[PDB]
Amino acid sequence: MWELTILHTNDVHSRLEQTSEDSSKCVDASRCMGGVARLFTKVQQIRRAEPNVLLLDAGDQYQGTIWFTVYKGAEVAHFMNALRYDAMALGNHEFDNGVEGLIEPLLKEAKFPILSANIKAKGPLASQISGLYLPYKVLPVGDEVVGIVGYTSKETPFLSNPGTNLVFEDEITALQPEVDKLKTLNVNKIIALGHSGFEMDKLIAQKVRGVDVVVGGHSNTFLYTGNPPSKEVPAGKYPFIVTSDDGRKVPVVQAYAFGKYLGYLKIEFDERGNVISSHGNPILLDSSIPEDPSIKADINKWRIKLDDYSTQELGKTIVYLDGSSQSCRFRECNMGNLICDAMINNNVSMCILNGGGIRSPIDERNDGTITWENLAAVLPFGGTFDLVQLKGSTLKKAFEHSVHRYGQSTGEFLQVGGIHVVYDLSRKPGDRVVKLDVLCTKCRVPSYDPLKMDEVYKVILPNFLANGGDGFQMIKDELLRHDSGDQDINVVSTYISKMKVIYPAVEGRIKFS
């Protein structure tokens, strides 16, 4: 009989400073949430109350806000060290700044094991990272040992910039020998901590024999048993119970994203390291839990650098800039419309944009003041808006891909400019596009004329889509001409200043049967 409490965050994405209800910049501080300082209070509060506790992270601490743009990992290592994190799995966004952008700020400065069993190293890089990350860590909790095995998304080479001298083996295949190794090492209790998404977490739980619990991330999954405290609608109960082939009931947990919730999972274990009972719920980190003062003071010490890099007004918004996943990945969101307008205004009649790239909404309640900061949250990656030459057939395929797996918060949903697309989800994937009228360019007056397969159109789109990202291989493998455009933020920054006061709308660009 042993009691362990697992506390977990996943996909925080640089929300060190407290955010709004929608994870945008904290506007109303009385009705504000999350943050590293507020989490310190709840973590500390749990730590004293429970006997054996583990604060874990399932990746994606990188990107999302100006904190990352400025410190590039210095904030993550400093504040995760401050919060005394027990362990963290490598996320796909941890490789965004190349291999050194992982080695120099985080891997060298972290006072905690950073894990990953399915990443193997070769050649020059082989000895550089050797020992900086481990496949597993056997933490001594009380008078028991707990083995944590890490894993990072198999698709990280596509999804980010991990490098050429790192190899991403299959999760379940690379995890099993490491779990079996730990079992022989008399490690009765195995947590698997990884960044591969909910569906992959569930088969890990069902397939990897010996994993007592799965703590994942990547997909921003929100799980809840009961009536949720906020706008987040749950995908299942907390914990999600997977019945392994072993005959065990393996709990699977996720904490949404942006440090809005601290995942709490209490576990009763037997003499042999088997879950007898488990229960919990992700704790909503809201104003009812005070931000720890000493830790918040350090955030303010690290804020004056961030202040200079976004302490002035660029434009004003009278509409709420809806840059939320719930809207931008399922329907035409006004933020996507704004960015597309900004793109064409920077030069072409068509713009295409992956909803996945819309990382943050912008709140108009702060009188509409749109600062450099509000916006480096919407566009945190520093890509560009590149010119392309596409065939009508090529564009029809991309729209077909746009809703190929619709309804799974995937980022391949397109936000458009100068395109009027209508979808029918009742039909089979591959024949769901019902209309695609595009804005004419040879014409003297622009009018929407249906797309012709055999005609060549000039579309402006992010570097990510030109690179063939989000599975848009047809764009990369069928384009006629690609051109290096201007920096993504500066396209929206120059447009906002030019407009002075903005007000985009859902005007029927994307429609559904």
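Numbering starts at 1 and follows the sequence shown.
Undergrad: Does the chain run continuously from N347 to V348, or are deposited residues unmodelled in between? Answer none, 1 to 3, 4 to 9, or 10 or more.
TA: Gap between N347 and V348: 10 or more unmodelled residues.
Undergrad: Look over 386 to 394 and 209 to 217 in the entry and identify the one with the greater average Cα temperature factor.
TA: Mean CA B-factor is higher for 386 to 394.
Undergrad: Mean C-alpha B factor from the entry: is it higher for 264 to 272 or for 187 to 195?
TA: If you average the C-alpha B-factors of 264 to 272 and of 187 to 195, the larger mean comes out for 264 to 272.
Undergrad: Can you tell me which of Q415, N81, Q312, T173 has the maximum CA B-factor listed in the PDB entry?
TA: In the PDB entry, the greatest C-alpha B-factor among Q415, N81, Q312, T173 is found at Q312.
Undergrad: When you compare the CA B-factors of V138, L125, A89, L338 as listed in the entry, which one comes out on top?
TA: The record points to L125.
Undergrad: Please place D11 in the lowest, middle or highest third of its chain by C-alpha B factor as given in the entry.
TA: Tercile = lowest for this residue's CA B-factor.
Undergrad: Looking at the C-alpha B-factor of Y406, is it in the lowest, middle or highest third of its chain?
TA: Tercile = middle for this residue's CA B-factor.
Undergrad: Taking the C-alpha B-factors as the PDB entry records them, is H93 in the lowest, middle or highest third of its chain?
TA: Lowest third of the chain for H93's C-alpha B-factor.
Undergrad: Taking the entry's C-alpha B-factors for this chain, is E100 in the lowest, middle or highest third?
TA: For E100, the deposited C-alpha B-factor lands in the highest third.
Undergrad: Please rank the C-alpha B-factors of the chain's modelled residues and tell me whether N374 sits in the lowest, middle or highest third.
TA: According to the entry, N374 has a C-alpha B-factor in the chain's highest third.
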